[PDB]
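> First, the structure itself, so that you have it in front of you.
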Amino acid sequence: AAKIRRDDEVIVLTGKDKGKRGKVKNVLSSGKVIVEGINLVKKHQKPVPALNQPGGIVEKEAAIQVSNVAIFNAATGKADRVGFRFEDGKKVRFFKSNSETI
Amino acid sequence: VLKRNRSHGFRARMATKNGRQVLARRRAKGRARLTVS
RNA sequence: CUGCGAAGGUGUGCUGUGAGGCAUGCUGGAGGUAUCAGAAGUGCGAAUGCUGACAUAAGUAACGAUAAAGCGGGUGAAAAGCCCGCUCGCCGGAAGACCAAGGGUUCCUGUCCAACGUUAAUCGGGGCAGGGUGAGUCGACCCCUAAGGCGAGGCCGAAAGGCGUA
RNA sequence: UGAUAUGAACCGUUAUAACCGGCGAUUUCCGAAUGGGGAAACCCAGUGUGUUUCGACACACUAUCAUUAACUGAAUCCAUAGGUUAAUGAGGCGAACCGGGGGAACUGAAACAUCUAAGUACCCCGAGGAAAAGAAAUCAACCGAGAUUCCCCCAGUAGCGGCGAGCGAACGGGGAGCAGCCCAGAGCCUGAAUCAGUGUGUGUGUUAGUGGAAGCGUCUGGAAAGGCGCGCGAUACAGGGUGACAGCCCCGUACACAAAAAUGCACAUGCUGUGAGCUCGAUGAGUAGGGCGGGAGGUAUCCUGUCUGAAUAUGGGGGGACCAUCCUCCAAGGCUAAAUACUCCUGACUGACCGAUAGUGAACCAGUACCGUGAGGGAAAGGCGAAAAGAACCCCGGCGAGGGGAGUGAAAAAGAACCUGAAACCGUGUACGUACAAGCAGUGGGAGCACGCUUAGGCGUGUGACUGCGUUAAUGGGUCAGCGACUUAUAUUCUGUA
Numbered sequence: 001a002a003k004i005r006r007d008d009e010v011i012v013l014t015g016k017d018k019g020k021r022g023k024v025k026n027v028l029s030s031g032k033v034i035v036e037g038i039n040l041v042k043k044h045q046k047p048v049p050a051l052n053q054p055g056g057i058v059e060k061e062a063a064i065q066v067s068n069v070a071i072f073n074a075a076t077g078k079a080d081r082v083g084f085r086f087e088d089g090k091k092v093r094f095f096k097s098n099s100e101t102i
Numbered sequence: 009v010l011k012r013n014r015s016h017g018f019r020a021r022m023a024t025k026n027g028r029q030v031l032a033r034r035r036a037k038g039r040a041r042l043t044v045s
């Protein structure tokens, strides 16, 4: 019963990048999600003599709180809450404000 | 080692009731080393 | 009241006889406070009060053969004693070596190493990690026997036990 | 695919992932350890059956004590004891409270030791899930009351003690509780009710949960939950996490709902078993009294070693004894719900108790490090950031540590001894005073000089030559910070107020 899932179109509600849309890549058990292209962090990658020698500065994605993002409605062009309803015995997600199935 | 075990070992403690009480008190306190061995 | 910057801390200024409070700058960056009341683990200079906090004393063990030392080279922050090359002096029917008994990871490879209030060690057996003990005819254990020891009866002794056969 | 702890190799996507709950299989060595022994995590077992390999392989049973059954059976004919086999049960560990069997000191007194402390601390055995007790040989001297325990009055009373300190009642009244039976042994009449055990079905509840409405935007700011203007909802503003203090970004609460299996609390039904009315006996068939010894002491009441023998609703016993007046009361087998007691473990709720020298010993890999033969007592140590991408490259140095740049972040007076960083102590830089200095390192008056103000006004701050007034090396200590030193409860008395 998680509102945010593996493949979801979400929009940032708060933070330095509020309002930019994106797709969630994965969700952490600590109530955090990773969405590509918004929370860029410049990590100084220490060089290693192993098979991989990227070194330099890497542009990674930093996880953000689940509550900081909402599913994009994609029809009203604004963030909307999502709830659960039982249909033919299968639990599904649905928007609000003219709620329609995903 | 021999005298230590025969004086404060597990078998020595359990032989008499008072030693049995000593083991009971150690267990209640939850000591890692119940006895010497 | 409150990010044009809280409380605490460090300065200055004002007020009251005294305990203090209000208004700020700097530091700090997350909640704080007055009036009318109530509830007490509430304020510190000593009880040989308690735990760290200016201090007069620095982590590495073998000084007990009258056979003999010195020179060179390599390593090292250190060289009369270790390793390599050139000599001399003892032992050499053993001061060699291989077995029994006794002893039971000490013998084989890389390492805690720029050192407190001025600690200046000639030994690569130390504490903490990795390997080797390989078997028909090496040996013991397995089979039979004496002494010693033990052991259902009988023999010695009123029983038992001891002696003693299998 | 536990955490410390990144990555890689795998599994899952229109119903066998993981996680949680319930029902099973499996559960070695050591520890009550059951075959024995010893120095607890060490070695060694026996018998029977199957084993493709006739040098094997695997598993069960077997201790002691008590009960029951079977076989054998003395000494001393039979009986009985002992021994063998099978089944069942008992044994150990961990709070508090209660019961049974035993039993101290200190603290108290002007020394008649007893009385108090004390039927206490501690120690031993067993049972229950509350235990003990629990339906009168009892109170009331003839109004009445009717089981036990605990709490609140009578009551710091009446009594008791070298009448000294101390210890410490009944009856009556007002509440919760307010449901009692069987055996001393029977004649007659029965699928006659209820209660128990073993099953099914219905309703409810416990052990994983689902559904679940509701604030957009702007200013300061790197980032917004708060401010200003404007709404909805309120059965829901209960709490916590959520970049700065969040009802309405989320996870949740109230309301409405769920059960494959197991378990618990009420009924009905089927099977088995225990069981009502109408009457007739008895009132524990070796159970007293008396005699002897000890404790609660010449002694009322209670319990018993040995040796005799009559009763008990007909009749036998008590505090103001009198035809052992009258009324009440029935004395040596168990069981007995609940009220009253207790919190080592779970979930929810509560908080003017506590916030890292506090609180439990431990907010934490602390029942630790360390000390000891053993028992026992028992440390220090909390906080970087929203995200640890944690440090590319370059310089000095030893291919370290430490320090100086760049880059990332709002901030590097956040850079692995890392939030805010005090008192005291140890350095650098500037100004002033003292350079054969010592008399409590203060106070009053006052000169010169430096650094800030005032167009001249003997008033900043800091330094204080000289002069006047001026000692515990008879107590502890090198300095400073933090914690702690007249509290809480039960009576009486006094003051003030409502």
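These protein sequences, in sequence, are chains U and 2.
Reminder that position 54 of the first sequence reads as 54 in the deposited numbering, one-by-one numbering, no gaps.
Counting the second sequence from 1 gives a position; the deposited numbering is that position plus 8.
Note that the Cβ used here is the ideal one computed from N, Cα and C, for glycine as well.
Quick one: what's got a C-beta closer than 8 Å to residue 100 (chain U)'s C-beta in the same chain, skipping five residues either side?
Cβ within range, chain order: 75 and 94.
> Whole-angstrom Cβ separation of residue 41 (chain U) and residue 69 (chain U), contact assumed at under 8 Å?
Their Cβ separation, rounded to whole angstroms, is 17 Å, which puts residue 41 (chain U) and residue 69 (chain U) out of contact at 8 Å.
> Using a Cβ-Cβ cut-off of 7 Å (strictly less than) and excluding sequence neighbours within five positions of residue 65 (chain U), which residues of its own chain qualify?
31 and 32, listed in sequence order.
> So, with DSSP's three-state summary, where would you put residue 62 (chain U)?
Reduced to three states, the DSSP call for residue 62 (chain U) is coil.
> Taking the straight line between their C-alpha atoms, what separation do you get for residue 18 (chain 2) and residue 38 (chain 2)?
Whole-angstrom Cα-Cα distance: 16 Å.
> Identify the residues that DSSP records as bridge partners of residue 103 (chain U): which are they?
The structure shown has nothing for residue 103 (chain U), since chain U only spans 1 to 102.
> As an exercise, report each continuous beta strand (DSSP E) stretch of at least 3 residues that is fully enclosed by the segment 11 to 36 of chain U, in chain order.
You should have 21 to 28 and 32 to 35.
> When the Cα atoms are used, what is the spatial distance from residue 89 (chain U) to residue 53 (chain U)?
Their Cα atoms are separated by approximately 52 Å.
> Give the C-beta separation of residue 38 (chain U) and residue 12 (chain U) to the nearest angstrom, bearing in mind that I take them to be a contact with Cβ-Cβ under 8 Å.
Indeed, because the Cβ distance is near 6 Å, the residues count as touching under 8 Å.
> Mind checking residue 21 (chain 2): buried by the 16 CB within 10 Å criterion, or exposed?
Result: buried.
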